[PDB]
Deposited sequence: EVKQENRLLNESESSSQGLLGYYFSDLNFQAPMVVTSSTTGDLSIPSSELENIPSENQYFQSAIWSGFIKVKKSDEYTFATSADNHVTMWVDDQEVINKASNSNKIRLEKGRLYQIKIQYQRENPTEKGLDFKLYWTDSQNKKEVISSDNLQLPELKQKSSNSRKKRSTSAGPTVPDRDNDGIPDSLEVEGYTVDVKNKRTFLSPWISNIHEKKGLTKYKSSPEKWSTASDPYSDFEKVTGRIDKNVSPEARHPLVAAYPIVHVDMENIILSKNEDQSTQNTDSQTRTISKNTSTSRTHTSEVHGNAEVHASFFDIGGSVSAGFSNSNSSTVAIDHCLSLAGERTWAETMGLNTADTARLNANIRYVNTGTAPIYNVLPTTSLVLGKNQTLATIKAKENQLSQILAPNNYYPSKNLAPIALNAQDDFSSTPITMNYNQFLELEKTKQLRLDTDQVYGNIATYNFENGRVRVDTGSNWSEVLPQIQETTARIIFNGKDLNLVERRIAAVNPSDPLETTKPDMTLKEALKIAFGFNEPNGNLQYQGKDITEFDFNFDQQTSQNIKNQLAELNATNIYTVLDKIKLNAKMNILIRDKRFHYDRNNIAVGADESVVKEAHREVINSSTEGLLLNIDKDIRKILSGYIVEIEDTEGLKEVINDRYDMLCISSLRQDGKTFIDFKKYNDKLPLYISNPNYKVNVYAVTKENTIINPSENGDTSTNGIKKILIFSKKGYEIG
């Protein structure tokens, strides 16, 4: 349980040096020395302490309060002192259902025991005395605004530990650095100490003492580090310097095109003449400073239907007909916080700006959460059809004849999704629960997050673009200057899980030098200036010295690949592609069996197989632009390149053992997706990469 009173335990006598900040479920406010391993022995002596929260009683009555050390205690119930350095029997009247503020201060110089043994009791009218039970105690209202029943500030009477933003973490800890450690029941927040915490691999937190959420998101610095937060929030965004917010795009998995019924045609019994294709969708980035969500859909160009007809020929579309599109999609959350009750609206766009459809889900009628690193619907469930089978009111996604031809030519669609994400599930200090709060909305949060953080977009996870935002100083905004300095190195560690085992920063085994850096213009000039000030000629050797600022944009990409203007991986150097195909497991006249890196496979559209005779002439076996999909990933994760698929199901016939079998890879950026202007559907002129070449006698 995360409920109870909030305690600050200080090594000094005057509430200045907080050693532990933690909560207690019951009136037992003790911290035994056995729980103090993350703090120096000499600091395990607590000379002062402050507790705060509320008391709720289940039964109106007159109660008497008392503690383990009334001679060292002053206690207030709603601004009223009930204990002052003396035990008493003064009976204060408490009404059922009503919430009373509690503040307790304790001071004792030169304690002879480490830790603190301290209990809060009360006695009712029937002379029954007990340690106050957990059902009667609540945390203070550590929010930016008071509740109707719970005031956000403690009584003005007595000591006030500096907590300028009311998040619960004392100013001094947020500025100087703190660590969070878990017991079995409780989280201790303590000052960072180099020689003890660094070796334990603990995380060193700093945050702004004047920003309740330092990332300007809806979860407080204290809520984050103490686990008083939506469990669906990404682990990295439990750091007060990492922004927690949703990021959504749409993934289209496949498409079906068909001819629209028309009033003039009474006949609806004709044969099916649809065009069904698989599609590949990637979230894009156009270095940029737009906070837009967009994804681009590539429609499969591989052979699907008999013949080499035009799409219009296939569907029987005349120049006056219209065509319809249906598709299967899912929503993808690549951000750091969940969505509960509004999915963002999406435009489906042909060419630069021809909106074909507006895709909307029903507000407050979501079938599940849309969680970070997850899909809606979940992958274990059917996807959403744009025109659902049940749904009478799904709008047809229609194209006129020329739009249809444009789609055939480009084989591309774009999905632009807005940033309307609905209500937020927040922590409630009254009951220690997380629930969707109707009074909290992502639209009130996103602008501030964007304005006060540096954005890093990184593709090291499967070459897909993942955006994170990290709290970073704005030298021009006084409030933002109260945040800790954020270095480029630290940002990569906390936002993306880079680590540094041997003084080299790595992402899952890959050195940082295996990725490039790309910035928007303002950011570029900023970083260039820093490097010059540092007398540094190479960014990779000074990542710990490069400071991020709010509104920076940083794009970091795997160096092995070529990228299009949407920053999607579309190719790779010849040398990289060749090497990636080096180790052959098996070869025969039936095909090749290779092990290919998963990332490499992502940028290949297909393979061309060829037999080269003794005079140097070449027979291309699968000699069509739509016949290059001859590779498949097997269960054992190896790739098979199938020579027979487009050889009429026959093994390669090699007339002479000195003939060669040549296999070439074709990257996405070099892929032909239409017949040439002259109508040629062959592979002639395709830019291709030789990846295997062996003579007949070397194959078998």
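According to the record, the deposited residues with no C-alpha atom in the structure span 1-14, 301-321.
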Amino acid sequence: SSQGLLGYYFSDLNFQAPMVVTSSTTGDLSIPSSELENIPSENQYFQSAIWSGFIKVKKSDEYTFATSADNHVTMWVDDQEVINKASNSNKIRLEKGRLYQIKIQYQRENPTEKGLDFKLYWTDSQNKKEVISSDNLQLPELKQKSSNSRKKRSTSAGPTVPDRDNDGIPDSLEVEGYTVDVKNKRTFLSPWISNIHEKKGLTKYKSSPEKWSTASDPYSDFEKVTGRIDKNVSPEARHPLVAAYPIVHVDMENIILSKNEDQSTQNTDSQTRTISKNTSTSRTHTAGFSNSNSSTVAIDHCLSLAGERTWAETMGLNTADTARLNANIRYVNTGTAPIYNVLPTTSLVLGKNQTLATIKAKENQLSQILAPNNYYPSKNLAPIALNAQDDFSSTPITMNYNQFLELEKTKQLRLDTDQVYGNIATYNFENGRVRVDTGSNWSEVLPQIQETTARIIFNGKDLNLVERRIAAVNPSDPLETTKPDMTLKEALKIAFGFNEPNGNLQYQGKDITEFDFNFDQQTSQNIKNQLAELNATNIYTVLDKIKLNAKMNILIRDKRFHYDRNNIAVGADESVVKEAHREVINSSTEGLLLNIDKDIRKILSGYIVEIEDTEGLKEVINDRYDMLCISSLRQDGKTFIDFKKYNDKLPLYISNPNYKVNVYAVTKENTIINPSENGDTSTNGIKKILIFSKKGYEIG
From here on, numbers count along this sequence of modelled residues.
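Higher average CA B factor: 110-118, of the stretches 110-118 and 403-411. The PDB entry records a higher mean C-alpha B factor for 73-81 than for its counterpart among 73-81 and 603-611. Within the group 565, 249, 91, 435, the record's highest C-alpha temperature factor is found at 91.
Ranking 455, 152, 309, 559 by Cα temperature factor from the entry places 152 first. In the PDB entry, a CA B factor belonging to the lowest third of its chain's modelled residues is recorded for residue 340.
Among the modelled residues of its chain, residue 13 has a C-alpha B-factor that falls in the highest third, as given in the PDB entry.
In this PDB entry, residue 29 carries a Cα temperature factor that places it within the middle third of its chain's modelled residues. In this PDB entry, the Cα temperature factor of residue 667 sits in the bottom third of its chain's modelled residues, the lowest group. In this PDB entry, residue 269 carries a Cα temperature factor that places it within the highest third of its chain's modelled residues.
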